[PDB]
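Structural characterization, general
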Amino acid sequence: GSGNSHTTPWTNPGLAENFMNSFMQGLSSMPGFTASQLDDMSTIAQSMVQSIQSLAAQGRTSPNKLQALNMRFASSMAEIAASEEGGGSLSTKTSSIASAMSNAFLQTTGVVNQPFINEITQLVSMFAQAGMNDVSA
């Protein structure tokens, strides 16, 4: 009586677009960041969507593509979070992202994807540290 929903949020362009939409709506009220962080992140979030819009239109939304989206999505947010704005602490930042991610997926499809959030959060937190100092050249 519901959707299985156990898959990548990037599998459907409709889903991805709405995901980022709901994401920012919850993220904007999250502690740790600031409007400056949100602004940049929102724009980059669009680039994420644009890639999926293209994949679904070119008919190339294959698993191995989405695998790459996993890493880049996490690191894109990390680069921003690592800039230390607003609340500073990356701990608060990363925890906020995951809350918005799970909540946004909750509104888009109705189910929460657990594994995908676990991966992203650790990658964010990992890539962020390497973005605070210029070792990610």
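Residues numbered from 1 in each chain as written, not as in the entry; some residues may be left out. Heavy atoms only, no water.

Determination of this PDB entry was carried out by solution NMR, according to the record.

**Observations regarding the overall build of the chain**
Along the chain, the regular secondary structure elements total 5 helices and 0 strands. Taking 137 residues into account, the globule formula puts the C-alpha radius of gyration at 14 Å, and the chain, at 15 Å, falls close to it. Viewed in the frame of its principal axes, the chain has a C-alpha envelope of about 45 × 30 × 25 Å. Per-residue burial over the chain gives 41% buried out of 137 residues. In the chain, of all internal contacts separated by at least 6 residues, the share reaching a separation of at least 24 is 76%. (Helix = DSSP H or I, 4+ residues; strand = E, 2+ residues; numbered from the N terminus. Rg over C-alpha atoms; globule rule 2.2 N^0.38 Å. Buried < 20%, exposed > 50% of the residue type's maximum accessible area, 1.4 Å probe, protein only. Contact = heavy atoms within 4.5 Å.)

**Observations concerning the environment of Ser102**
Residue position: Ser102 is located in helix α4 (residues 90-108). In contact with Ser102, not counting residues within four places along its chain, are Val112 and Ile117. A polar side-chain atom of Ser102 sits 3.1 Å from the main-chain carbonyl oxygen of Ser99. (Polar contact = N/O pair within 3.5 Å; in protein donor to acceptor, adjacent residues only side chain to side chain.)

**A short note on the pattern of salt bridges**
As enumerated under the stated definition, the model contains 1 salt bridge in all. For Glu79, the salt bridge is made with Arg72, and the minimal N-O distance between the two is 2.6 Å. (Salt bridge = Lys/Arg side-chain N within 4 Å of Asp/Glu carboxyl O.)

**Points about unusual backbone geometry**
Look at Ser5: it is not a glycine, yet its phi comes out positive at around 65°. At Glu84, a residue that is not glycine, the phi angle is positive and equals roughly 55°. Mapped onto the elements, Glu84 comes out in the loop between α3 (63-81) and α4. Its relative accessible area of 61% is what places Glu84 among the exposed residues.

**Description of the nonpolar core**
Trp10, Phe23, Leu27 and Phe73 are the most contacted members of the largest nonpolar core, which has 39 residues in total. Among the elements of the structure, α1 (13-27), α2 (35-58), α3, α4 and α5 (114-132) are those that each provide at least two residues to this core. Among the elements that line this core, the one with the most residues is α3, at 8 residues. Other than its neighbours up to four places away in sequence, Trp10 contacts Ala16, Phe19, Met20, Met48, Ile52, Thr61, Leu66, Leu69, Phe73 and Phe116. (Core = buried A, V, L, I, M, F, W, Y, C linked by side-chain atoms within 4.5 Å.)

**Thoughts on the UniProt feature "domain: Spidroin N-terminal" (unreviewed entry) in the chain**
Per the UniProt entry, the sites bearing "domain: Spidroin N-terminal" (unreviewed entry) are residues 9-133 in this numbering. The distance from the first to the last C-alpha atom of residues 9-133 is 31 Å, and the span holds 77% helix and 0% strand. (UniProt positions renumbered as here; feature names shortened; annotations may be inferred.)

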